[PDB]
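Protein chains in written order, with the entry's author numbering: chain F, 4 to 22, 42 to 149, 163 to 248; chain D, 1 to 223; chain A, 2 to 301; chain J, 501 to 751; chain B, 1 to 242. By construction, the Cβ of each residue, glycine as well, lies at the ideal position given by its N, Cα and C atoms. The structure under discussion appears below in the form of structure tokens.
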Amino acid sequence: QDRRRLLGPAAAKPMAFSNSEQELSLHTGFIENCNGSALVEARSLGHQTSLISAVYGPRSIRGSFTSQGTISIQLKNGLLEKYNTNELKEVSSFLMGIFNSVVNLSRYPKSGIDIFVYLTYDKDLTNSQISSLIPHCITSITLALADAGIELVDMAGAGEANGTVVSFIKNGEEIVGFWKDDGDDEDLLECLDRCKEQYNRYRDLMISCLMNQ
Amino acid sequence: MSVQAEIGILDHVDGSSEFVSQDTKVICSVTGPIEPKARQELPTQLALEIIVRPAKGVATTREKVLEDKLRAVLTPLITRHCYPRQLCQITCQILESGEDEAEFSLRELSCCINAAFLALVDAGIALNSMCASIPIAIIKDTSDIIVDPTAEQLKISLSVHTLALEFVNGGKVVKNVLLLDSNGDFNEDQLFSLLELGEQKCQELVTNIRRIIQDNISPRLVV
Amino acid sequence: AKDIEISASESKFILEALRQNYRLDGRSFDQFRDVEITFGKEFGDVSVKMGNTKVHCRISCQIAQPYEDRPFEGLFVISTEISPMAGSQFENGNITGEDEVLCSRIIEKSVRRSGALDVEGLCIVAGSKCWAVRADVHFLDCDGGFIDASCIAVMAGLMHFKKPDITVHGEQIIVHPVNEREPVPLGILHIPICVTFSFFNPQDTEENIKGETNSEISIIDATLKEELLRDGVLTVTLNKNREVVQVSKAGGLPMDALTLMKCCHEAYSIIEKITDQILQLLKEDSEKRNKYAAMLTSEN
Amino acid sequence: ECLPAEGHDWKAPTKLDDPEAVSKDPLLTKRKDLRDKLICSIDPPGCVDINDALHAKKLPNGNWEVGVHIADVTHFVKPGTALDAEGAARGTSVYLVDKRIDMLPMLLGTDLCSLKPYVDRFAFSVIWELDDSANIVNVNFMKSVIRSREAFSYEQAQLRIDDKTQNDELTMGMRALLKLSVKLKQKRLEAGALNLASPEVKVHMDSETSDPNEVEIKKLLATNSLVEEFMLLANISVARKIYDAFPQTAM
Amino acid sequence: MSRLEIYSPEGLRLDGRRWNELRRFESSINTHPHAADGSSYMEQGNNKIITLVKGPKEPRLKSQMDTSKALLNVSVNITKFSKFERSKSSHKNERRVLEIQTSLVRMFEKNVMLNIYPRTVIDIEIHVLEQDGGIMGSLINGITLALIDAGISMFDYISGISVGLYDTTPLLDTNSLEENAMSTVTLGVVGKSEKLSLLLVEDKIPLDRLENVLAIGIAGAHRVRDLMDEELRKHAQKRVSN
RNA sequence: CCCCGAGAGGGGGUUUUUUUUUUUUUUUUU
Ligand SMILES: [Br-]
Ligand SMILES: [Br-]
Ligand SMILES: [Br-]
Ligand SMILES: [Br-]
Ligand SMILES: [Br-]
Ligand SMILES: [Mg+2]
């Protein structure tokens, strides 16, 4: 099959089988390989998620010259739940826009800050699901950047409510990103309030993690 | 140990050779020292580009391991500090496995080591010393140690071994053991009995190689 | 990549020699290099040599399942990966370069597409199990003519190769080893042979586009030096049945149509001699293996 | 319309190097000349469509030269034409006591291609060199031009062989054919050849009245075994040659 | 074995054309002024081709720069909706496409005066919107027109044409149905000459028929040159008169 | 060679894909 991997025999076919509000866990700086890293685990109802973020930078960019730094974000599929490459790219773009509003790029001329988020373990226990993972990604990237020592304007956090994801800064006064799939009609005000509550809780736990730990 | 080799068979390469042991035939080529790619450049030493091509099909991860082990042998052999920021391309084209490639890569690796060494000699690249490699195997019932085993012997083996030693002083002094690749079930007593008999047959091989090298190269030189 | 530096003196000399009916190797403009074919111990092992040009081909096969679209046809692939062994001009694994893709496509259209191999006879059980024949070409030493050398290497290999005999019990495939019963040869519908022409413009471009009398020089089977100084290439493939298998003049120096036709007729005389040559070397190889089989049984 | 423009007055060129003849037929240079050979055809009484023709000479090295000559139909029927189309469609000509539905037009099958006696005819010849024990030493295939000495009948040929009054070069060759026929038939049966039988009756229609009145039986003469053995020999050698040349599409 | 009348006894083809008639040939110059220095929209039969010439301009990488000539690049985009049956995979890295791109470059390297544009790059982007036989010949005509529109110097026109061989009957300008039923020959003729820039035969052709097929193609390609030249002078007069 | 300066100074000459009307005796000459 592939000349770079061992994928086994081709006639083989994969095994198909027959028939509080949120619980968080935060850890930072456990990857010596990079500059900043974070572990974010969430458990709620019939879905738990364990994702790992890793920040590599600021490192060299050998092309032209830039007064500010350049951020790149890449999401990788984990072991269990898989997602479309397109969908992972879309979230990556959405995350790039968010942290280009938070990261003090002016302090890193001709430098690159490459942020990796590994969707290691995403279990679906219900015996576009990507929308519920987005706030946890932002939490991991924020923790990793702060752990790396990359300057941030403010602790960026987010929340999710009925397929709507919105990330806040400045005590929830302003918005650094808005995401909406499916959901209902004229439910904007309700989503903003519910997400700001999650944003506030996540921000408190993040600060608590960056300080005490 | 009735191997047969030829030197300087390729025209558009700085050095080449063709080593044959039983059914295992490998042709090797060496170009260097030459201009290296930027990603290959080493500020002080020589950069080695080592390529192994299989007898059947295209190069896979299997040959990637053959390249890696062959690198462990050739690297300390070459006086690399003589060629800073420079490149030496080393290509091995295995022409005939001489073994079940689906199970073993023993004879192909040893033949590649011997051929690469010969190609380096032909190319006139600074070497710290000489080298010889032999394949060894241990049979099931008899548990005898067979040097240079056949393909049929490998099928009924309990362990397979690749031994490559570094020789100096006219091929009499074992400077070091460049590579020992032991795979399968074996005990400590078997290991040293292997190393003792292996060193003997290796020393015999160097002597034979020294003969081949002088027989081919001397007509080129002047008296 | 790594370039071959050609001085103005060398460029002017080789071209001027052509203007005086001289080529460095001493051949003629219409002269094809002597092709030497050596068979190994195993079937499908063939070594082709044209002057300094050295290529080696190895034919192999393994049990596989046919595509859904073609349940009656077996699998057949041709590999021609270049390596720095043929020269440092070639990048290791460069399978997208202009010359590489062309060569890869010429061979494919000459052997695969042309149906030189009977892929229908590669089927063991329809839509389930079949043979997967593989032709691996190894470019050892390059002195031009890699296409012509490969086409001969592949064809000589396919005609020399023999696959293990198979008896079928429903879907249970009984693969007889060479020790039990003898192996079975492959089915060859026709024998395609490539002949490559190299074109040289002794004058300038203006006299090629608007010049009255044509003066472009064409030589058969160019060496490396002649190959690096040509202005156009033509690869024509024929067989003893007096038919054109494929023709490929992918751009290059504009050439007169009648001259290209002349090349096709000149190539036909070469492919005839080459085909008969291959057949003879195959017979003698068969006679050699049988004579040893008789001397092995008599001593047994 | 695919038939020659000459018609029934078609003729093989006297010289095989004649400028006009070579201009029309550039393949004529490959045509061998066996008009010096003593060719004869052994076929039933009312046979006008002759396919085969035989001859035999004794080479100076003691061996025999046997030549089986078959009608060169290919020279007249070309692929793509309507003549070839109808020829393939019919597949074979049917044989009845009443009539005879030909596969090819009368002008072609019962005149031009037909290896008639006393005339120059194109033919595809197969020549063997074999010993007295009918063992093939070598075999050559070649398109040629011949001239049949005489078109014998099976009864007429047998009488000419047996009478021992006629010892001309032709009859001496005919006996040589029969002698080699016995050898070839012997070896073949020893090799495991079958000898089935179904000699159907021949309706002897009353040639004095109209309706059929008599039913007799056809007798197998030694000349029938003569022709049969050499026809088989021709088919075998050709089969080996065409399969060696076209291993995948050999008829 | 074809059950359709590829060439009826009345000398008529499946589309109505006779043996020596070109398809509907409609050229179009300066179609994308804001996207390229030169552009052409080709309609040869049901074939629809957009051709863009971008340059001569600065190379994006100084590593790839020639101080003696311009760098000529050609990328052919055969869209997934070019045929009746939509192709699932892309053709961008297909070996067949790489050969086509390479072929086109090797054709115009000896026609476009690259020597008078040193240290520059000429990028040729092609989009095949619809395909119906003789796509190679249409690709050639599209590049020639677009290059001229860009004001890039060249020695002469290069006209492309395809000729099929149904048994013994030559068929000028083949469509998809005819190409599936017979072997075809693609020609690339320079100007009004007999010189071929491109000779492409991918299927079996008798050696005796090849010369006659070439003769038909060259004659047909000359007509393509005239149509290209005609439409170009027409556009020239409409622009120079303002 | 080209640009610059009242005084032979300086700057440059570019880096795998449009392929499927299915039926009951050997051999030879007809
Ligand atoms: Br695997
Ligand atoms: Br099939
Ligand atoms: Br040379
Ligand atoms: Br009639
Ligand atoms: Br007569
Ligand atoms: Mg007869």
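Item                                                                                                                                 : Value
Minimum Cβ-Cβ distance from A/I189 to chain J less than 8 angstroms                                                                  : yes
Chain-order list of residues whose beta-carbon lies under 6 angstroms from that of B/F155 (same chain, five-residue window excluded) : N111
8 angstroms Cβ cutoff met for D/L179 and D/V73                                                                                       : yes
Contact set between A/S129 and chain B, taken where Cβ atoms lie within less than 9 angstroms                                        : Ordered by position in chain B, no residue passes the 9 angstroms Cβ test against A/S129, which lies about 25 angstroms from the chain.
Contact set between the region 224-257 of chain A and chain B, restricted to residues whose Cβ is under 8 angstroms from the partner : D232, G233, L235, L239, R243, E244, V245, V246, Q247, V248, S249, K250, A251, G252, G253, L254, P255, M256 and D257
C-alpha gap between F/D146 and F/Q233, whole angstroms                                                                               : 21 angstroms
C-beta contact flag for B/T174 and B/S162 at 8 angstroms                                                                             : yes
J/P605 Cβ short of 7 angstroms to ligand 4 heavy atom set                                                                            : yes
Chain D contact for F/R236 (CB, 8 angstroms cutoff)                                                                                  : no
Ordered list of beta strand (DSSP E) runs contained in the region 133-190 of chain D, each at least 3 residues                       : 145-147, 157-168 and 173-184
Inside the region 146-172 of chain B only - alpha helix (DSSP H) runs reaching at least 4 residues                                   : none
Of the listed residues A/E121, A/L225, A/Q247 and A/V234, nearest to A/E11 (C-alpha basis)                                           : A/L225
is_contact[B/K195, chain A] using C-beta, thresh 8 angstroms                                                                         : yes
Within 6 angstroms of ligand 3: residues by beta-carbon to any heavy atom                                                            : A/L25, A/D26, A/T224 and A/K226
Interface flag, D/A115 vs chain F, CB-CB below 8 angstroms                                                                           : no
8 angstroms CB neighbourhood of A/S115 in its chain, flanking five on each side removed                                              : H191, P193, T238, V246 and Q247
Proximity test, Cβ basis, 8 angstroms: B/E125 and chain A                                                                            : no
Neighbour-count burial assignment, A/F73, 16 or more Cβ in a 10 Å radius                                                             : exposed
Proximal chain A residues relative to D/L95, where beta-carbon distance stays under 7 angstroms                                      : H57
Beta carbon proximity, A/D277 to chain J, threshold 8 angstroms                                                                      : no
Buried or exposed by the 16-neighbour rule on C-beta atoms within 10 Å, applied to B/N47                                             : buried
Cβ distance (whole Å) where J/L554 is taken to contact J/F730 below 8 angstroms                                                      : 6 angstroms
Chain-ordered chain F contacts of D/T60 [CB-CB under 7 angstroms]                                                                    : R6
8 angstroms contact criterion, which F/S72 and F/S59 should meet: CB distance rounded                                                : Rounded, the Cβ-Cβ distance is 14 angstroms, inconsistent with contact.
Chain B within 8 angstroms of A/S287, Cβ atoms only                                                                                  : no
9 angstroms Cβ cut-off: residues of chain J touching A/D119                                                                          : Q748
C-beta neighbour in chain D for A/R20, strict 8 angstroms                                                                            : no
Around ligand 2, Cβ to any heavy atom closer than 6 angstroms, ordered along the chain                                               : A/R71, A/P72, A/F73 and A/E74
8 angstroms Cβ cutoff, A/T298 in contact with chain B                                                                                : no
Quiz: which residues have CB nearer than 5 angstroms to ligand 6 non-hydrogen atoms                                                  : J/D543, J/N551 and J/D552
A/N291: first and last residue of the uninterrupted alpha helix (DSSP H) it sits in                                                  : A258 to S299
Among B/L14, B/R225 and B/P9, nearest to B/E179 - alpha-carbon criterion                                                             : B/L14
Any non-hydrogen atom of ligand 5 within 7 angstroms of J/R621 CB                                                                    : no
Neighbouring residues, chain B, relative to A/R106 (Cβ below 7 angstroms)                                                            : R95 and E99
DSSP-derived helix/strand/coil call for F/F52                                                                                        : coil
CA-to-CA distance, J/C540 to J/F652, given in whole angstroms                                                                        : 7 angstroms
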